[PDB]
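Spelled out from the first residue to the last, the chains are:
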Amino acid sequence: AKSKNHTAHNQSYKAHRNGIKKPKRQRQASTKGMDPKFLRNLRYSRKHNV
Amino acid sequence: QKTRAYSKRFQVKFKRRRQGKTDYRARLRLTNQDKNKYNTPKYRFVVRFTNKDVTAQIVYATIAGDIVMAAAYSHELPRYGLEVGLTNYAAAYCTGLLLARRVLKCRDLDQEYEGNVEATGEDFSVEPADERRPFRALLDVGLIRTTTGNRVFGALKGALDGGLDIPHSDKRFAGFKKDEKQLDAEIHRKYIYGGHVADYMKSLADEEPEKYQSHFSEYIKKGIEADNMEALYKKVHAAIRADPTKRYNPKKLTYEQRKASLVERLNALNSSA
Amino acid sequence: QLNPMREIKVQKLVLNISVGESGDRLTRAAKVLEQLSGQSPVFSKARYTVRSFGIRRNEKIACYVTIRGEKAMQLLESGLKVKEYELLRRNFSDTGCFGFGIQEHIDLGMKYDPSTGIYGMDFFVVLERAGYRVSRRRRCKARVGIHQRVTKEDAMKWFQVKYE
Amino acid sequence: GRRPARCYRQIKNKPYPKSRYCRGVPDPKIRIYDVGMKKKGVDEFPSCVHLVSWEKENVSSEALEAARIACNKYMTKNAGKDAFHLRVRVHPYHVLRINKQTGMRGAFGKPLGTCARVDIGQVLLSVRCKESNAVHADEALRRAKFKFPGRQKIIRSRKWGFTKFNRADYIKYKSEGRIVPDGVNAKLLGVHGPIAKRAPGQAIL
Amino acid sequence: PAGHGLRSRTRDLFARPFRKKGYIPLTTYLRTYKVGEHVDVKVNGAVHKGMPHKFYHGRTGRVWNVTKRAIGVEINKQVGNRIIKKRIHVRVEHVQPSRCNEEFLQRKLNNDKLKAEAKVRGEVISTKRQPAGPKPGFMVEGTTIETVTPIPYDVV
RNA sequence: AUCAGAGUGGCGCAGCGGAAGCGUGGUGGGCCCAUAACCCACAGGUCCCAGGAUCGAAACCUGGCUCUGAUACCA
RNA sequence: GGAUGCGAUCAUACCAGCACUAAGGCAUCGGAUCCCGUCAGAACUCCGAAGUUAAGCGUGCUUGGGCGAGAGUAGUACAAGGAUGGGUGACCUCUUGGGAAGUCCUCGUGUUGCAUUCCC
RNA sequence: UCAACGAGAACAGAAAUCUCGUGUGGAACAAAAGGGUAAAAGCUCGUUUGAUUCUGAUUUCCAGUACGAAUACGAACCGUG
RNA sequence: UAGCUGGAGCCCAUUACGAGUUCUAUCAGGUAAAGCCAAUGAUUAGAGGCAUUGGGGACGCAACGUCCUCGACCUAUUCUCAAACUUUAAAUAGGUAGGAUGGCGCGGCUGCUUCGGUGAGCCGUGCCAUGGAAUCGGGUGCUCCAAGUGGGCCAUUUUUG
Ligand SMILES: [Mg+2]
Ligand SMILES: [Mg+2]
Ligand SMILES: [Mg+2]
Ligand SMILES: [Mg+2]
Ligand SMILES: [Mg+2]
Ligand SMILES: [Mg+2]
Ligand SMILES: [Mg+2]
Ligand SMILES: [Mg+2]
Ligand SMILES: [Mg+2]
Ligand SMILES: [Mg+2]
Ligand SMILES: [Mg+2]
Ligand SMILES: [Mg+2]
Ligand SMILES: [Mg+2]
Ligand SMILES: [Mg+2]
Ligand SMILES: [Mg+2]
Ligand SMILES: [Mg+2]
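Going by the header, the method for this PDB entry is cryo-EM, and the resolution given is 3.4 Å.

From N to C terminus, chain E includes two helices and five strands. Element order for chain E, N to C, with α for helix and β for strand: α-β-β-β-β-β-α. For 156 residues, the compact-globule formula gives about 15 Å, and the C-alpha radius of gyration of chain E, at 25 Å, lies well above that figure. Counted over contacts in chain E with a minimum sequence separation of 6, partners at least 24 positions apart contribute 54%. Element-wise, carbon and sulfur atoms account for 55% of the exposed surface of chain E, whose accessible area totals about 11,800 Å². Positive and negative side-chain charges of chain E, numbering 32 and 13 respectively, have mean locations separated by a distance of 15 Å.

RNA strand H sits among 77 residues. The nearest are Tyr6(B), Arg17(B), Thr22(B), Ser44(C) and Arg91(E). The sugar-phosphate portion of RNA strand H accounts for 64% of its atoms within 4 Å of the protein, the bases making up the rest. A distance of 3.3 Å is found between a sugar or linking oxygen of RNA strand H and a backbone nitrogen or oxygen belonging to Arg9(B). Between RNA strand H and the protein, one listed contact pairs a sugar or linking oxygen with a backbone N or O atom of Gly50(E) at 3.0 Å. Sort the elements by how many residues they give to the surface near RNA strand H and strand β4 (residues 82–91) of chain E lands first, with seven residues. Looking at the surface near RNA strand H residue by residue, the class counts come to 27 nonpolar, 19 polar and 31 charged.

The next subject is the sheet that holds strand β6 (residues 111–117) of chain D. All names here are of chain D. Spatially, β3-β6-β5 is the arrangement adopted by the three strands of the open sheet, whose pairing is antiparallel. Whereas interior strands pair on both sides, the edge strands pair on one side only; in this sheet they are β3 (58–60) and β5 (94–97). The sheet shows a mean angle of 50 degrees between the axes of neighbouring strands, direction not considered. Summarising the sheet, β3 and β6 pair through three bridges and their orientation is antiparallel. From the neighbouring strand, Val59 faces β6, where its bridge partner is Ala116. Here helix α1 (residues 61–79) sits on the sheet in contact with β3 and β6, set at roughly 65 degrees to β3.

This part covers the sheet that holds strand β4 (residues 97–103) of chain C. Residues and elements named next belong to chain C. In spatial order, the strands read β2-β3-β1-β5-β4; together these five strands make up an open sheet with antiparallel pairing. Edge strands, defined here as strands with exactly one partner in the open sheet, are β2 (42–45) and β4. Direction aside, the axes of adjacent strands within the sheet are offset by 25 degrees on average. Judged from the seven bridges that link them, β4 and strand β5 (residues 120–129) form a sheet pairing that is antiparallel. Counterpart to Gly101 in the pairing with β5 is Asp122. Its contacts with the sheet place helix α1 (residues 24–37) against β1 (8–18), β2, β3 (60–67) and β5, and it is angled at close to 5 degrees to β3.

Glancing now at the interface of chain E and chain B. Opposite the 21 residues of chain E that make contact, chain B presents 20 residues. Between chain E and chain B, a total of about 1,800 Å² is buried, with carbon and sulfur atoms accounting for 63% of that surface. Taken together, chain E and chain B are joined by one salt bridge. We note a salt bridge from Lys68(E) to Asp34(B), for which the minimum N-O separation is 3.9 Å. Summed over the shared surface of chain E and chain B, the result is six residue pairs in polar contact. Listing elements by their share of the side of chain E that touches chain B, those giving two or more residues are α1 (27–30) and β2 (59–67) of chain E. Of the residues forming the side of chain E that touches chain B, the biggest block, three residues, is contributed by α1(E).

Definitions and cut-offs
Residues numbered from 1 in each chain as written, not as in the entry; some residues may be left out. Chains lettered and ligands numbered in written order. Part of a larger assembly, values for the part shown. Heavy atoms only, no water. Helix = DSSP H or I, 4+ residues; strand = E, 2+ residues; numbered from the N terminus. Rg over C-alpha atoms; globule rule 2.2 N^0.38 Å. Contact = heavy atoms within 4.5 Å. Areas by Shrake-Rupley, 256 points an atom, 1.4 Å probe, with all protein chains shown as cover. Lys, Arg positive; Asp, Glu negative; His and termini not counted. Charge placed at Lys NZ, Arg CZ, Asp CG, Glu CD. Near = heavy atom within 4 Å. Polar contact = N/O pair within 3.5 Å; in protein donor to acceptor, adjacent residues only side chain to side chain. Nonpolar A, V, L, I, M, F, W, Y, C, P; charged D, E, K, R; others polar. Pairing = 2+ DSSP bridges. Axes fitted to C-alpha atoms, helices over the stretch in contact; angles between N-to-C directions. Buried area = accessible area lost by both parts, 1.4 Å probe. Salt bridge = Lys/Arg side-chain N within 4 Å of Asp/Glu carboxyl O.

Listed below in structure tokens is the structure:
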């Protein structure tokens, strides 16, 4: 009758049955959000390669 | 006299503060490099005055400890010609000139940054003009009060004339008109050429010849009358810009003799009375 | 040690007057100390607003000015001449100093050239041996050794064999 | 008015001692913890005997004062007020609560009384006496152990009264004068401290 | 929000260690961080700018961004049935270099010299640590032997 | 049992931090032969008990006490 | 064996009481015209060398406080896992592993970076 | 450099103002409680408006949405030293 | 709505990539214990000294003196404690690393960065890298569409009233 319910019961069991999904390790880890001062320069340097 | 709980809950400050020689609030803000430069230290122009010397050092910080790359003391100016009154405003000027010239010569750009060959009262900015920017150092006064006319800023003008690039403003050079908010070139000229001492040598020699003798003993016996400061500092400037280059304490007595004395004192007290 | 660096000498006379009031009362309490010192005094505001004393908080209730040097000696000798060169063998403080209190006009100076009344006042002198800057400077400040801290027995031994 | 003490026997809740948060606590029944001559030094009473509880409970303040009075009346009538020292070795610092139309809406309760949390083999009472008279004190402790909820032993101590000393070792220190009598307790002298602070005949390696 | 502020439940989490309060040693400001290095986030109570949330304390991650006064740390947070690469910025006061990889790097270079040396000599080698295995047999020279027995129960 | 309200001069009561009063009552004169009454003066209080903040408390918050007033219903 | 300057580690470095120091340096120290500062040249600022190691700085001592380490506390307290283990119950035992802390006792009281400079 | 303590100074006392000594924070930081701070993050003084503009990024709650709050850069313009 | 589940698959694959696991290494904690002979708080009982006078008897003709007194106070102690106390500090669990997504050499770019080829990063090229602890194994690895569920209960241990 107590309308408020909250348990962590069964929660690890549900979590671990599709595994703890680690996202795929990627070559060229993303540069989103890095220092734009550094990113501008890196983009210019890739612009002027030979 | 202090309780055990005090001693046990005490936290000792850094040793360079228990000795009271360093301001760590200033030191962190001086040596904290931007982390995206990754090694480039900020070199500090550290100028210090003792009661009879003027130390000047271009130093940078490293985990093992600060590392000096060029030192200049006012007590080595007797090598260059200035023998007396080596802790005045012009003496710190010449110390700064000497240190700047030595740094520039060591880093092999002195020929390309000569600054003013002749000292000028007007505040100086050097040009980074072409392909090789000037050496850049940060002034590190230390614990002293940064007031107008300070010998730290005399050394600052010395280094600026010597060719270093030092962040600066002309609001604390000697002769700053704190009312009009601008320097006087002539007044700073006078100060960097020891004029503020020369006028007072005349001030004592005019009608107070006893205090004059008892006050300027070394000047008198080295024969520098008041009108012979100008060219003296001219020639020291030239010389500096020409050549910028057993048991007496007791040992700790050891364990053996320590308890050798302890047994003796113990027998003395327990047997006695 | 009989070392010619260990001589007593005044550091400062402090001349305070606790008036606990304000207005023309304390303005004249100030100008009188001006006549004594030759230097402009500073007003000492109140704390704790103790009512039974009739003092509000943060109101100027005293006026003091610090005198040091030959002027201090010249005014201290008159201050002792008030007490006929004799103190109570208890005015001396354990650390370095002693004091006493007088009534103004037995000092030097015609009285009502300012039209200011008699103001009592607590002389308080601090003795020192040369070298307290090692406890008062900004860089490398530390305690002064016992051998060159003046204490009571030296204050008496300074007061009675000499200067009277 | 008070509840039966069986309702507060097990230790079931973390300590709730009187503090900046537990206010309204009543005063405890016991207000004195030493009875007899609490003034004699160590050497008058060498015999020490302990009433030791053997189980975790909450011996209430009333229970543990009833114990002191039940041992003390006996001990004073029989061995006189000249030959025993009583000390209860437990303190009522734990605070009990009570919850007395309304259901358990807001079921936290105002404090009821005070009780002391005992341990497995925690000395609960101790008395010290002279060996000739130790029988009275031992049997008095037995007359007191019917005042406590759990089960207790009555163990003669190997220590000298209320000291931290074995009998042979304490008397040996008394012989060599390496011990100071401070009163109810004792102090060794040791190899620490400055020579000057020691008595001439009291400096040891 | 929703019942807890950032610095909830951190009475003893964020406090300085005993007698280590006050000035911050300069090595924490001199240690330089390069993108890829492993840093352990442990918050400093005093420096209230740039603190991470209380979860990231006591964890390890690779740097991903190095800025003036601020390090971009990158650590894995397990929520639900997946791992989030949380990318946070912390000031240098709050992070230290990780020594998880010091022994790996040392063993890297040690292995490389050994494999070069084996390449020079008879070209077979096994550069691996085996876990503590069975010990070989050996003789023990009979010494004075101390006989020990169960002790009788003293109620004292 | 909860929830309010109020504890201030001898009594009943006013009070908004600098901070204490109102009637009456009491004390001393005056009028009267004398007592009122009337006229003129005088002295008041543990601001319920114990804390804190506050320039500044009796007021502000809280804990403890005593009285009063409410609400305690569908079975 | 020193010292100064900038420092790293921030008590083995501090704290208390004491005894002592060669040259050098630090310091104390003299003065207040100037820049500068305050009620006050005490502080700070400028200028300077008559003297003093008296103080600081440094070294050393104390059956010192503190701190650091070690033994010990102690395989004790606790605690992951097992029992159709004991017990009326509280609790406890055995099995497979982990394993603390005070008091007490012994020892110790800094290591060092760079630039300059002093010794006998 | 604080709170406090110690010795002191006319009226001045337990408490008014001043001086010296000790002072690991026993004070203060608008408020609740915790944390933190001592040549400061406290007290006094000078100068000020970064309590500004443009849009993103991240953390906290989170479904890894929003809001609030915070953090780190970027491009401007400035404050102070 | 996320989760848990099915269906459709697709992508690769025994090279690798992983793991509700252990080992080696290295971080972080403030719970059990423990502590008060350490801070905050609570607290029992004595011992010894001491006040520039907390107060009284007696001497104090007199004080810049004491003999008792309740006792402040100080000193070393001592019995017992703390979820909203803690110096210390477990066990259990927690994070990260254990290579082929590495390293070095050479010459190129940078509008960033430095006093500066000084760094930081990238680009082209050439070399090396015995597979870099144990054990086990194909994988949500990627995606889509969607069902039901969103009233729970019992037990051992920790645990609130
Ligand atoms: Mg529900
Ligand atoms: Mg500064
Ligand atoms: Mg919400
Ligand atoms: Mg929540
Ligand atoms: Mg909500
Ligand atoms: Mg912690
Ligand atoms: Mg907690
Ligand atoms: Mg009448
Ligand atoms: Mg009448
Ligand atoms: Mg400041
Ligand atoms: Mg958001
Ligand atoms: Mg769904
Ligand atoms: Mg516990
Ligand atoms: Mg402990
Ligand atoms: Mg305690
Ligand atoms: Mg681990």
